[PDB]
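Have a look at the structure below before the remarks.
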Amino acid sequence: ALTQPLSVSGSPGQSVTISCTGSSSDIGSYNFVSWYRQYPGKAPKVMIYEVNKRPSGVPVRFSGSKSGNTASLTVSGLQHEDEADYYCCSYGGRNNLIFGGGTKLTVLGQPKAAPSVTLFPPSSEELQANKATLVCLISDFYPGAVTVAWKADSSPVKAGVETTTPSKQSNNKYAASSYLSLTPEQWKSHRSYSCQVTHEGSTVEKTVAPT
Amino acid sequence: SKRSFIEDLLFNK
Amino acid sequence: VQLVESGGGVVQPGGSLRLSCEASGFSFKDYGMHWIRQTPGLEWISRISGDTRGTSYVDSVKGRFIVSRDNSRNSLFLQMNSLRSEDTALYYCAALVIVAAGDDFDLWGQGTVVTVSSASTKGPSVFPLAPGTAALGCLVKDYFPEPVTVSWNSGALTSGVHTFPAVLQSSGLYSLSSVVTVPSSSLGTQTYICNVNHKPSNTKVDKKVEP
């Protein structure tokens, strides 16, 4: 119920900002906004609280601010140790706490790479067996942050999607996969289904159709 | 503990 | 200074778990405590006051979960009854600085995984993903628990093999895919067989992948 961008990035020494959008009855009404950094396989740690206050120990380059219904975390002079997931938090308005969805901050040390995307239609055997699974496989993108959109004809489809968070491959690029579960009749009754992978504002799409 | 006092009131209507 | 959790695991829908949080290093009776669960982001679930007098719940868990603490043993509890699929998450306990009043203490436990699944040990169904360069695959669908191992041609094909990580479905069963890119010219010369092996269920499946 608190919106953050999916991911943000910058090079060592740059400054980056992560926004966090609430409503008026929460971020707009209290100064109880905190930020948490979370490293892979670890628990969150507070970076900022009460909008702009910093616990001693959190580096001076971390700063928080609030404008209207939107809080922001800025990280000046970026460092590789600053790469992590950052979640905003606010008092919610009625005995209540709400969190943001998370933002992946990548401190870049490798050129970017768009993903390559492979889409597989349901097998013969699986349709025999009465199921239908579309398999979207996504490889070699950096940073490891990607948005997966599905489409029957041109209309968005969210029911039946299950998607993997990106994991470092051995080539230190990232991989994710997405699965759209369909009934065999849904599969055979549209002219096409699509997997759209958006990475860094460029979109790689792949389409399959029934035969 | 004032943090206790105002945080408790903060979760009571 | 530490919060040490336990009590999670695999539980059947409708089941019950009691999560524990064990506090050392600080004056436990003086901090509000919360339960926060993490899925792909963070979701605030519950809060109890230091003096145990006052509790909050997010609506979806109202009626079903009950927070409690035992100040004489520095313990925090979440009795979870009537569990739903939607409850599957990594559950943190935490003392959160929301209003500091001069005290910026903020501490999280290490997490404990709750997975709500009616799912016996089950070997996967393996379906073939049939196809310059050309890609071909194996769908390793609906197995439990983890993991599986995939090789190709009894291990003799390894270049171009990309076995992706698995997803945990709504149903509690896992699915992964293994995809190999071979030279397009090889689709007649070579036989492409994937070998899926799932040890908890003593399952060894082979599947011809042919265009």
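The way I read the labels, and the way they are meant: chains A, B, ... in the order of the structure tokens, residue 1 as the first residue of every chain, and ligand 1 as the first ligand shown, with later ones counted on from there.
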
With a distance cut-off of 7 Å and only C-alpha atoms, select the neighbouring residues of segment 145-148 of chain C, excluding the residue or stretch itself and same-chain residues fewer than 2 positions from it, and output the selection as a list in words.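 Residues meeting the cut-off are residues 121, 143, 150, 196, 197, 198 and 200 of chain C.
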
Could you write out the selected residues, including N, CA and C atoms, as a PDB file, in the first residue's frame?
ATOM      1  N   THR C 121       5.054 -36.027  -0.417  1.00  0.00           N
ATOM      2  CA  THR C 121       6.206 -36.207  -1.282  1.00  0.00           C
ATOM      3  C   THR C 121       5.720 -36.759  -2.618  1.00  0.00           C
ATOM      4  N   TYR C 143       6.376 -31.272  -8.107  1.00  0.00           N
ATOM      5  CA  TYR C 143       7.042 -32.201  -7.212  1.00  0.00           C
ATOM      6  C   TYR C 143       7.221 -31.561  -5.847  1.00  0.00           C
ATOM      7  N   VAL C 150      18.757 -32.305 -12.854  1.00  0.00           N
ATOM      8  CA  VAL C 150      18.554 -32.497 -14.277  1.00  0.00           C
ATOM      9  C   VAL C 150      19.925 -32.623 -14.919  1.00  0.00           C
ATOM     10  N   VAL C 196      15.705 -36.457 -15.316  1.00  0.00           N
ATOM     11  CA  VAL C 196      15.272 -35.793 -14.100  1.00  0.00           C
ATOM     12  C   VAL C 196      15.327 -36.805 -12.978  1.00  0.00           C
ATOM     13  N   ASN C 197      15.900 -36.396 -11.859  1.00  0.00           N
ATOM     14  CA  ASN C 197      16.038 -37.276 -10.717  1.00  0.00           C
ATOM     15  C   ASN C 197      15.594 -36.537  -9.468  1.00  0.00           C
ATOM     16  N   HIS C 198      14.668 -37.151  -8.738  1.00  0.00           N
ATOM     17  CA  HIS C 198      14.063 -36.552  -7.559  1.00  0.00           C
ATOM     18  C   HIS C 198      14.215 -37.548  -6.422  1.00  0.00           C
ATOM     19  N   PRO C 200      13.751 -37.405  -2.807  1.00  0.00           N
ATOM     20  CA  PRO C 200      12.815 -37.684  -1.698  1.00  0.00           C
ATOM     21  C   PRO C 200      11.770 -38.722  -2.049  1.00  0.00           C
TER      22      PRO C 200
END

Just want the 10 Å neighbourhood of residue 6 of chain B, counted on only C-alpha atoms, with same-chain residues fewer than 3 positions away dropped. Output as a ChimeraX atom specification. /B:1-3,9-11 /C:99-101

Residue neighbourhood segment 136-139 of chain C, 7 Å, only C-alpha atoms, exclusion window fewer than 2 positions, as a PyMOL selection string: chain C and resi 126-131+134+141+176-181+194

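Within segment 46-206 of chain A, the backbone-based DSSP assignment of helix (DSSP H, G or I) covers residues 80, 81, 82, 124, 125, 126, 127, 128, 184, 185, 186, 187 and 188 of chain A.
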
Can I get the selected residues back with N, CA, C and O atoms, as a PDB file, in the first residue's frame?
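Heads up, here's the output in out22.pdb:
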ATOM      1  N   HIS A  80      29.759  -0.094  -3.220  1.00  0.00           N
ATOM      2  CA  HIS A  80      29.280  -1.433  -3.547  1.00  0.00           C
ATOM      3  C   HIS A  80      28.563  -2.070  -2.366  1.00  0.00           C
ATOM      4  O   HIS A  80      27.563  -2.773  -2.548  1.00  0.00           O
ATOM      5  N   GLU A  81      29.018  -1.784  -1.143  1.00  0.00           N
ATOM      6  CA  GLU A  81      28.336  -2.254   0.058  1.00  0.00           C
ATOM      7  C   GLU A  81      26.936  -1.668   0.223  1.00  0.00           C
ATOM      8  O   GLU A  81      26.184  -2.147   1.079  1.00  0.00           O
ATOM      9  N   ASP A  82      26.561  -0.664  -0.566  1.00  0.00           N
ATOM     10  CA  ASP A  82      25.211  -0.109  -0.509  1.00  0.00           C
ATOM     11  C   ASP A  82      24.211  -0.868  -1.386  1.00  0.00           C
ATOM     12  O   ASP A  82      23.004  -0.574  -1.336  1.00  0.00           O
ATOM     13  N   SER A 124       2.664 -31.295 -25.957  1.00  0.00           N
ATOM     14  CA  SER A 124       1.599 -32.238 -26.303  1.00  0.00           C
ATOM     15  C   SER A 124       1.182 -33.059 -25.091  1.00  0.00           C
ATOM     16  O   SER A 124      -0.013 -33.173 -24.785  1.00  0.00           O
ATOM     17  N   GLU A 125       2.161 -33.636 -24.383  1.00  0.00           N
ATOM     18  CA  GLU A 125       1.849 -34.545 -23.286  1.00  0.00           C
ATOM     19  C   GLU A 125       1.084 -33.836 -22.186  1.00  0.00           C
ATOM     20  O   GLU A 125       0.174 -34.413 -21.582  1.00  0.00           O
ATOM     21  N   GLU A 126       1.432 -32.579 -21.911  1.00  0.00           N
ATOM     22  CA  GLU A 126       0.773 -31.881 -20.818  1.00  0.00           C
ATOM     23  C   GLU A 126      -0.673 -31.586 -21.166  1.00  0.00           C
ATOM     24  O   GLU A 126      -1.548 -31.637 -20.294  1.00  0.00           O
ATOM     25  N   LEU A 127      -0.946 -31.289 -22.437  1.00  0.00           N
ATOM     26  CA  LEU A 127      -2.330 -31.096 -22.855  1.00  0.00           C
ATOM     27  C   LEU A 127      -3.100 -32.418 -22.805  1.00  0.00           C
ATOM     28  O   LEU A 127      -4.254 -32.453 -22.356  1.00  0.00           O
ATOM     29  N   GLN A 128      -2.472 -33.517 -23.247  1.00  0.00           N
ATOM     30  CA  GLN A 128      -3.011 -34.848 -22.986  1.00  0.00           C
ATOM     31  C   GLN A 128      -3.406 -34.982 -21.523  1.00  0.00           C
ATOM     32  O   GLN A 128      -4.563 -35.273 -21.196  1.00  0.00           O
ATOM     33  N   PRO A 184      -6.380 -26.083 -20.808  1.00  0.00           N
ATOM     34  CA  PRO A 184      -6.122 -26.321 -22.240  1.00  0.00           C
ATOM     35  C   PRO A 184      -7.049 -25.542 -23.152  1.00  0.00           C
ATOM     36  O   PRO A 184      -6.661 -25.237 -24.284  1.00  0.00           O
ATOM     37  N   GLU A 185      -8.254 -25.189 -22.685  1.00  0.00           N
ATOM     38  CA  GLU A 185      -9.189 -24.442 -23.516  1.00  0.00           C
ATOM     39  C   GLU A 185      -8.856 -22.956 -23.556  1.00  0.00           C
ATOM     40  O   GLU A 185      -9.006 -22.318 -24.600  1.00  0.00           O
ATOM     41  N   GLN A 186      -8.430 -22.376 -22.432  1.00  0.00           N
ATOM     42  CA  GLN A 186      -7.892 -21.018 -22.481  1.00  0.00           C
ATOM     43  C   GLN A 186      -6.723 -20.936 -23.446  1.00  0.00           C
ATOM     44  O   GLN A 186      -6.602 -19.972 -24.211  1.00  0.00           O
ATOM     45  N   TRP A 187      -5.833 -21.930 -23.392  1.00  0.00           N
ATOM     46  CA  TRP A 187      -4.665 -21.950 -24.263  1.00  0.00           C
ATOM     47  C   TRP A 187      -5.071 -21.996 -25.733  1.00  0.00           C
ATOM     48  O   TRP A 187      -4.560 -21.230 -26.552  1.00  0.00           O
ATOM     49  N   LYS A 188      -6.008 -22.872 -26.080  1.00  0.00           N
ATOM     50  CA  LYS A 188      -6.371 -23.081 -27.471  1.00  0.00           C
ATOM     51  C   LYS A 188      -7.354 -22.039 -28.006  1.00  0.00           C
ATOM     52  O   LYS A 188      -7.632 -22.039 -29.218  1.00  0.00           O
TER      53      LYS A 188
END

For each of A:13, A:5, A:143, A:122, take the minimum atom-to-atom distance to residue 210 of chain A, counting only C-alpha atoms, then give the residue where this is smallest.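 The closest residue to residue 210 of chain A is A:122.
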
Could you please select, counting only C-alpha atoms, the residues of chain C within 8 Å of chain B and state them as a PyMOL selection string? chain C and resi 30-32+49-50+54+56+98-103

One decimal, Å: what's the distance from atom CA of residue 86 of chain C over to atom CA of residue 115 of chain C, could you say?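 Value for the atom CA of residue 86 of chain C-atom CA of residue 115 of chain C distance: 9.3 Å.
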
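Here atom CA of residue 163 of chain C and atom CA of residue 138 of chain A stand 11.7 Å from one another.
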